[PDB]
Each structure stands twice: as C-alpha cells, then as structure tokens.
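To be precise, the following lines are protein-v3.pdb, and they hold PDB, N, CA and C atoms.
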```
ATOM      1  N   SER A   1     127.078  73.811 104.333  1.00  0.00           N
ATOM      2  CA  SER A   1     127.938  72.782 104.950  1.00  0.00           C
ATOM      3  C   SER A   1     128.027  71.544 104.065  1.00  0.00           C
ATOM      4  N   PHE A   2     129.194  70.892 104.086  1.00  0.00           N
ATOM      5  CA  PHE A   2     129.468  69.682 103.295  1.00  0.00           C
ATOM      6  C   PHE A   2     129.629  70.001 101.807  1.00  0.00           C
ATOM      7  N   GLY A   3     128.670  70.733 101.253  1.00  0.00           N
ATOM      8  CA  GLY A   3     128.705  71.092  99.847  1.00  0.00           C
ATOM      9  C   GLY A   3     129.852  72.022  99.500  1.00  0.00           C
ATOM     10  N   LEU A   4     130.192  72.915 100.421  1.00  0.00           N
ATOM     11  CA  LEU A   4     131.275  73.870 100.201  1.00  0.00           C
ATOM     12  C   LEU A   4     132.645  73.200 100.283  1.00  0.00           C
ATOM     13  N   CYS A   5     132.661  71.910 100.580  1.00  0.00           N
ATOM     14  CA  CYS A   5     133.905  71.176 100.672  1.00  0.00           C
ATOM     15  C   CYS A   5     133.748  69.818 100.000  1.00  0.00           C
ATOM     16  N   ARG A   6     134.599  68.860 100.377  1.00  0.00           N
ATOM     17  CA  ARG A   6     134.565  67.515  99.805  1.00  0.00           C
ATOM     18  C   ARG A   6     134.698  67.596  98.280  1.00  0.00           C
ATOM     19  N   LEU A   7     135.404  68.620  97.821  1.00  0.00           N
ATOM     20  CA  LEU A   7     135.603  68.831  96.397  1.00  0.00           C
ATOM     21  C   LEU A   7     136.616  67.839  95.842  1.00  0.00           C
ATOM     22  N   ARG A   8     137.783  67.775  96.469  1.00  0.00           N
ATOM     23  CA  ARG A   8     138.821  66.854  96.032  1.00  0.00           C
ATOM     24  C   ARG A   8     138.768  65.572  96.845  1.00  0.00           C
ATOM     25  N   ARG A   9     138.842  65.713  98.166  1.00  0.00           N
ATOM     26  CA  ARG A   9     138.787  64.567  99.067  1.00  0.00           C
ATOM     27  C   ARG A   9     138.751  65.031 100.521  1.00  0.00           C
ATOM     28  N   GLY A  10     138.015  66.099 100.778  1.00  0.00           N
ATOM     29  CA  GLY A  10     137.907  66.600 102.132  1.00  0.00           C
ATOM     30  C   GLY A  10     136.877  65.820 102.916  1.00  0.00           C
ATOM     31  N   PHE A  11     137.291  65.209 104.014  1.00  0.00           N
ATOM     32  CA  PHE A  11     136.374  64.429 104.827  1.00  0.00           C
ATOM     33  C   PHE A  11     135.992  65.190 106.086  1.00  0.00           C
ATOM     34  N   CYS A  12     134.725  65.107 106.443  1.00  0.00           N
ATOM     35  CA  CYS A  12     134.221  65.791 107.614  1.00  0.00           C
ATOM     36  C   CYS A  12     134.636  65.060 108.883  1.00  0.00           C
ATOM     37  N   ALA A  13     135.258  65.786 109.794  1.00  0.00           N
ATOM     38  CA  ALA A  13     135.704  65.214 111.051  1.00  0.00           C
ATOM     39  C   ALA A  13     135.109  65.988 112.217  1.00  0.00           C
ATOM     40  N   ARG A  14     134.646  65.260 113.218  1.00  0.00           N
ATOM     41  CA  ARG A  14     134.036  65.863 114.390  1.00  0.00           C
ATOM     42  C   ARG A  14     135.072  66.587 115.240  1.00  0.00           C
ATOM     43  N   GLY A  15     134.868  67.882 115.424  1.00  0.00           N
ATOM     44  CA  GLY A  15     135.779  68.672 116.223  1.00  0.00           C
ATOM     45  C   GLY A  15     137.111  68.908 115.540  1.00  0.00           C
ATOM     46  N   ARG A  16     138.187  68.641 116.264  1.00  0.00           N
ATOM     47  CA  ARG A  16     139.536  68.833 115.749  1.00  0.00           C
ATOM     48  C   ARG A  16     139.940  67.719 114.790  1.00  0.00           C
ATOM     49  N   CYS A  17     140.747  68.077 113.800  1.00  0.00           N
ATOM     50  CA  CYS A  17     141.228  67.126 112.810  1.00  0.00           C
ATOM     51  C   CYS A  17     142.167  66.106 113.433  1.00  0.00           C
ATOM     52  N   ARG A  18     142.178  64.911 112.860  1.00  0.00           N
ATOM     53  CA  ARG A  18     143.036  63.839 113.337  1.00  0.00           C
ATOM     54  C   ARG A  18     144.496  64.171 113.060  1.00  0.00           C
ATOM     55  N   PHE A  19     145.392  63.459 113.733  1.00  0.00           N
ATOM     56  CA  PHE A  19     146.833  63.672 113.590  1.00  0.00           C
ATOM     57  C   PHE A  19     147.272  63.770 112.114  1.00  0.00           C
ATOM     58  N   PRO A  20     147.035  62.737 111.278  1.00  0.00           N
ATOM     59  CA  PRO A  20     147.424  62.766 109.873  1.00  0.00           C
ATOM     60  C   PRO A  20     146.356  63.416 108.992  1.00  0.00           C
ATOM     61  N   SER A  21     145.852  64.564 109.428  1.00  0.00           N
ATOM     62  CA  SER A  21     144.821  65.282 108.690  1.00  0.00           C
ATOM     63  C   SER A  21     144.919  66.782 108.955  1.00  0.00           C
ATOM     64  N   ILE A  22     144.919  67.574 107.892  1.00  0.00           N
ATOM     65  CA  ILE A  22     145.003  69.023 108.021  1.00  0.00           C
ATOM     66  C   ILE A  22     143.646  69.678 107.767  1.00  0.00           C
ATOM     67  N   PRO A  23     143.301  70.692 108.568  1.00  0.00           N
ATOM     68  CA  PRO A  23     142.034  71.408 108.446  1.00  0.00           C
ATOM     69  C   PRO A  23     142.043  72.443 107.321  1.00  0.00           C
ATOM     70  N   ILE A  24     141.947  71.972 106.079  1.00  0.00           N
ATOM     71  CA  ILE A  24     141.945  72.865 104.919  1.00  0.00           C
ATOM     72  C   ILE A  24     140.723  73.780 104.935  1.00  0.00           C
ATOM     73  N   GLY A  25     139.637  73.284 105.508  1.00  0.00           N
ATOM     74  CA  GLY A  25     138.419  74.056 105.596  1.00  0.00           C
ATOM     75  C   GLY A  25     137.479  73.475 106.625  1.00  0.00           C
ATOM     76  N   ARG A  26     136.271  74.007 106.698  1.00  0.00           N
ATOM     77  CA  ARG A  26     135.289  73.521 107.655  1.00  0.00           C
ATOM     78  C   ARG A  26     134.143  72.831 106.937  1.00  0.00           C
ATOM     79  N   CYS A  27     133.776  71.654 107.412  1.00  0.00           N
ATOM     80  CA  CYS A  27     132.667  70.915 106.831  1.00  0.00           C
ATOM     81  C   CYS A  27     131.364  71.525 107.321  1.00  0.00           C
ATOM     82  N   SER A  28     131.401  71.989 108.559  1.00  0.00           N
ATOM     83  CA  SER A  28     130.270  72.626 109.195  1.00  0.00           C
ATOM     84  C   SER A  28     130.804  73.704 110.136  1.00  0.00           C
ATOM     85  N   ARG A  29     130.189  73.874 111.296  1.00  0.00           N
ATOM     86  CA  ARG A  29     130.657  74.870 112.243  1.00  0.00           C
ATOM     87  C   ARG A  29     131.797  74.299 113.079  1.00  0.00           C
ATOM     88  N   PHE A  30     131.524  73.194 113.759  1.00  0.00           N
ATOM     89  CA  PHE A  30     132.528  72.535 114.581  1.00  0.00           C
ATOM     90  C   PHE A  30     133.227  71.456 113.772  1.00  0.00           C
ATOM     91  N   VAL A  31     132.451  70.764 112.949  1.00  0.00           N
ATOM     92  CA  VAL A  31     132.981  69.708 112.102  1.00  0.00           C
ATOM     93  C   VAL A  31     133.881  70.302 111.021  1.00  0.00           C
ATOM     94  N   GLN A  32     135.152  69.941 111.051  1.00  0.00           N
ATOM     95  CA  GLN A  32     136.109  70.441 110.076  1.00  0.00           C
ATOM     96  C   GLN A  32     136.155  69.540 108.850  1.00  0.00           C
ATOM     97  N   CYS A  33     136.661  70.075 107.752  1.00  0.00           N
ATOM     98  CA  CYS A  33     136.785  69.326 106.516  1.00  0.00           C
ATOM     99  C   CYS A  33     138.241  68.949 106.356  1.00  0.00           C
ATOM    100  N   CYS A  34     138.671  68.059 107.223  1.00  0.00           N
ATOM    101  CA  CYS A  34     140.043  67.617 107.267  1.00  0.00           C
ATOM    102  C   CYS A  34     140.462  66.893 105.998  1.00  0.00           C
ATOM    103  N   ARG A  35     141.596  67.312 105.480  1.00  0.00           N
ATOM    104  CA  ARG A  35     142.172  66.731 104.283  1.00  0.00           C
ATOM    105  C   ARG A  35     143.395  65.901 104.664  1.00  0.00           C
ATOM    106  N   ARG A  36     143.548  64.733 104.049  1.00  0.00           N
ATOM    107  CA  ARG A  36     144.688  63.871 104.336  1.00  0.00           C
ATOM    108  C   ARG A  36     145.986  64.570 103.972  1.00  0.00           C
ATOM    109  N   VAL A  37     147.038  64.231 104.686  1.00  0.00           N
ATOM    110  CA  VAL A  37     148.344  64.828 104.451  1.00  0.00           C
ATOM    111  C   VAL A  37     149.427  63.749 104.556  1.00  0.00           C
ATOM    112  N   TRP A  38     149.086  62.571 104.057  1.00  0.00           N
ATOM    113  CA  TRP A  38     149.983  61.436 104.066  1.00  0.00           C
ATOM    114  C   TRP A  38     151.077  61.614 103.024  1.00  0.00           C
TER     115      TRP A  38
END
```

Please express the file's structure as structure tokens.
Amino acid sequence: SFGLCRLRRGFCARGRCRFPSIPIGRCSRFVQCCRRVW
C-alpha cells in the first residue's frame, strides 16, 4: 500500500475519490489512490 502508487502524483483518499479526482488505482484496500483530473 502507498508504495505501489504515488508514482506521478497519486494521492490517497479515504473511501471514494473526490469529484475532481479519478481512481487510477488503490492506495490501500478502501483508500483509493485518486489522481487529479483538472
């Protein structure tokens, strides 16, 4: 967890990703590695 992501700019988000954020991967099990999509 965490290490498998945050490569470019993936931020860990609790549960579901925020509106302006896409779930490119998972930071953990529930925590997603939401990537900005601005």

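For the pair atom CA of residue A:19 and atom CA of residue A:3, the interatomic distance is 23.9 Å.
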
Counting all atoms listed in the file, find residues at most 6 Å from (136.1, 70.8, 102.6) (file frame) and give them as a PyMOL selection string. chain A and resi 4-7+10-11+24-27+33-34

What does the file look like for those residues with N, CA and C atoms, as an mmCIF file, in the coordinates of the input?
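part-v3.cif was written with the following content:
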```cif
data_model
loop_
_atom_site.group_PDB
_atom_site.id
_atom_site.type_symbol
_atom_site.label_atom_id
_atom_site.label_comp_id
_atom_site.auth_asym_id
_atom_site.auth_seq_id
_atom_site.Cartn_x
_atom_site.Cartn_y
_atom_site.Cartn_z
ATOM 1 N N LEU A 4 130.192 72.915 100.421
ATOM 2 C CA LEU A 4 131.275 73.870 100.201
ATOM 3 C C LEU A 4 132.645 73.200 100.283
ATOM 4 N N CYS A 5 132.661 71.910 100.580
ATOM 5 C CA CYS A 5 133.905 71.176 100.672
ATOM 6 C C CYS A 5 133.748 69.818 100.000
ATOM 7 N N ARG A 6 134.599 68.860 100.377
ATOM 8 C CA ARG A 6 134.565 67.515 99.805
ATOM 9 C C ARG A 6 134.698 67.596 98.280
ATOM 10 N N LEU A 7 135.404 68.620 97.821
ATOM 11 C CA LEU A 7 135.603 68.831 96.397
ATOM 12 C C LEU A 7 136.616 67.839 95.842
ATOM 13 N N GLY A 10 138.015 66.099 100.778
ATOM 14 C CA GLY A 10 137.907 66.600 102.132
ATOM 15 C C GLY A 10 136.877 65.820 102.916
ATOM 16 N N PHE A 11 137.291 65.209 104.014
ATOM 17 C CA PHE A 11 136.374 64.429 104.827
ATOM 18 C C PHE A 11 135.992 65.190 106.086
ATOM 19 N N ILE A 24 141.947 71.972 106.079
ATOM 20 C CA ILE A 24 141.945 72.865 104.919
ATOM 21 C C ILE A 24 140.723 73.780 104.935
ATOM 22 N N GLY A 25 139.637 73.284 105.508
ATOM 23 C CA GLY A 25 138.419 74.056 105.596
ATOM 24 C C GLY A 25 137.479 73.475 106.625
ATOM 25 N N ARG A 26 136.271 74.007 106.698
ATOM 26 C CA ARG A 26 135.289 73.521 107.655
ATOM 27 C C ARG A 26 134.143 72.831 106.937
ATOM 28 N N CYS A 27 133.776 71.654 107.412
ATOM 29 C CA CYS A 27 132.667 70.915 106.831
ATOM 30 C C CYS A 27 131.364 71.525 107.321
ATOM 31 N N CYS A 33 136.661 70.075 107.752
ATOM 32 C CA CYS A 33 136.785 69.326 106.516
ATOM 33 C C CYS A 33 138.241 68.949 106.356
ATOM 34 N N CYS A 34 138.671 68.059 107.223
ATOM 35 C CA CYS A 34 140.043 67.617 107.267
ATOM 36 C C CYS A 34 140.462 66.893 105.998
#
```

Calculate how many Å separate atom N of residue A:35 from atom CA of residue A:12, rounding to one decimal. 7.8 Å

Rank A:22, A:17, A:37, A:31 by their smallest atom-to-atom distance to residue A:2, using only C-alpha atoms, and report the top residue only.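 For residue A:2, the nearest of the given residues is A:31.
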
How many Å lie between atom N of residue A:15 and atom N of residue A:1, rounded to one decimal?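 These two atoms are separated by 14.8 Å.
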